[PDB]
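>>> Once you've seen the sequence and the experimental structure below, I've got questions.
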Amino acid sequence: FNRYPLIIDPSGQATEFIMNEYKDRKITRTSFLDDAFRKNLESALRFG
Amino acid sequence: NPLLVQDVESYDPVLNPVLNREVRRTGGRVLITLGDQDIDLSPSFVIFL
């Protein structure tokens, strides 16, 4: 991808595939509704 | 990077977390809170006063 992907997975397989694929890089699952989105976003932007 | 600091009689208390090794490990990084901003502490750092 060039632009960041937007995944549409009604079955939930793609999210677990992404979890497994980037697990070695310490991938974090968050949500837009969660109030911790700001801190997680800033931490990701500063530390990969 | 190794660091040598002179005039230690004018010691800056900003070094207190660094000398105390008050590190916070999260996400594989080693976070040191130098004042108000977080810095990823590289393991090769050393300071001599």
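Good, I have the coordinates. Numbers count the residues shown, from 1 in each chain, chains lettered A, B, ... in the order given.
>>> Which positions in chain B make contact with chain A?
Contact residues, chain B versus chain A (C-beta under 8 Å from any C-beta of the partner chain): B:27, B:28, B:29, B:38, B:40. (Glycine included, C-beta is placed from N, CA and C.)
>>> How about the second one, nearest residue that isn't a chain neighbour?
Leaving out its chain neighbours, the residue that sits closest to residue B:28 by C-beta to C-beta, 6 or more residues apart in numbering or on different chains is residue A:26, at 5.7 Å.
>>> Same check on the first one?
Spatial nearest neighbour of residue B:27, excluding adjacent residues (C-beta to C-beta, 6+ apart): residue A:26 at 5.1 Å.
>>> Which residue ranges of the chain form strands?
Reading this off chain A. Along chain A, counting by DSSP state E, no stretch forms strands.
>>> Not quite, go with chain B.
With strands called from DSSP E, chain B shows them at B:2-4, B:23-26, B:29-34, B:37-40, B:46-48.
>>> roughly how far is the fourth one from the heart of the chain?
Centre-to-centre, strand B:37-40 and its host chain are 9 Å apart (C-alpha atoms, centre = their mean, to the nearest Å).
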